[PDB]
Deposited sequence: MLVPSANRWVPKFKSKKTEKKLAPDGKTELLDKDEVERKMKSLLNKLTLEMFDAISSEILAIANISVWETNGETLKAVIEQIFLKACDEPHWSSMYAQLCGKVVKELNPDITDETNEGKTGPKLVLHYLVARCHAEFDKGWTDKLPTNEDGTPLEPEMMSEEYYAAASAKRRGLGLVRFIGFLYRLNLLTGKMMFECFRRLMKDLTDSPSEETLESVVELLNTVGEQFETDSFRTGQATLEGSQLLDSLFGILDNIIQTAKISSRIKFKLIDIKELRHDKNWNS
């Protein structure tokens, strides 16, 4: 078993390969060129009935975004490009143009979200698979935060997100999770303030964090991060 080298339609494989190649090449410099090519692959769906190739492209952007958090926001832009510039003639038997892709984004966070993950972790056997489970889950919450910020997602998915994080925040939170919450609140906290409910959810959340600061035993570094969003939201008012 050895790896072997070597008006248009593409089978699953041909669409996963071109997409790997296009997602690996995505940089700030080469963005317009490469988000244009990823959109021609998405656009193939004019010649389809159930939007299968475009569903497939969204799903791959999420898989990429979730494993390459450092670029979550650039991938989040790629999506905004697909929503904005998708061919409107496109139809899916199961909403067209932008409103179609928008619904695709949501449906795919729900899918990836529902899989779930655990905060507390046990180099070991299935232990690698579960560090990647958390890493990828947290990479997703992060990616949600960048989609929400471009208004490519509604608050309902941001509630479900904070809802999940708050759950782990009350059961002895790991430092990666706390890291995740801060970064999310820094990205999306102001905007979320007003969304239906939403200021009231932050109220609960910041009360869990005040507790964590005033009781839990955490690195100074993280304790400094928590004290800083707390002052940013409460005293400085995000300004």
Check: In sequence order, what intervals of the deposited sequence carry no C-alpha positions?
Finding: 1-6, 13-27, 116-118, 147-158, 233-240, 284
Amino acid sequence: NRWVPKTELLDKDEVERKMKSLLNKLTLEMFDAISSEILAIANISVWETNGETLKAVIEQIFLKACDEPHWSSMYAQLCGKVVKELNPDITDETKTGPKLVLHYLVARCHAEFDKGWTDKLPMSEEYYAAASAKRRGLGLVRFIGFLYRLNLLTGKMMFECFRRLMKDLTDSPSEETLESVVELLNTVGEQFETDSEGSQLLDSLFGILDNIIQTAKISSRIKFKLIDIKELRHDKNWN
From here on, numbers count along this sequence of modelled residues.
Check: Where do the C-alpha atoms have the higher mean temperature factor in this entry, in 23-31 or in 199-207?
Finding: 199-207
Note to self: Going by the mean C-alpha B-factor recorded in the entry, which is higher: 130-138 or 72-80?
What the structure shows: 130-138
Check: At the C-alpha atoms, which of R17, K230, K217, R221 reaches the highest B-factor in this entry?
Finding: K217
Item checked: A40 CA temperature factor, ranked by third within the chain -> middle
Note to self: How does the C-alpha B factor of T194 compare with the rest of the chain: lowest, middle or highest third?
What the structure shows: highest
Next item on the list: Compare the C-alpha B factor of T170 with those of the other modelled residues in its chain, then answer lowest, middle or highest third.
Entry: highest
Next item on the list: Could you look up the Cα B-factor of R108 in the entry and say which third of the chain it sits in: lowest, middle or highest?
Entry: lowest
Next item on the list: Grab the CA temperature factor for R164 from the record and place it in the lowest, middle or highest third of its chain.
Entry: middle
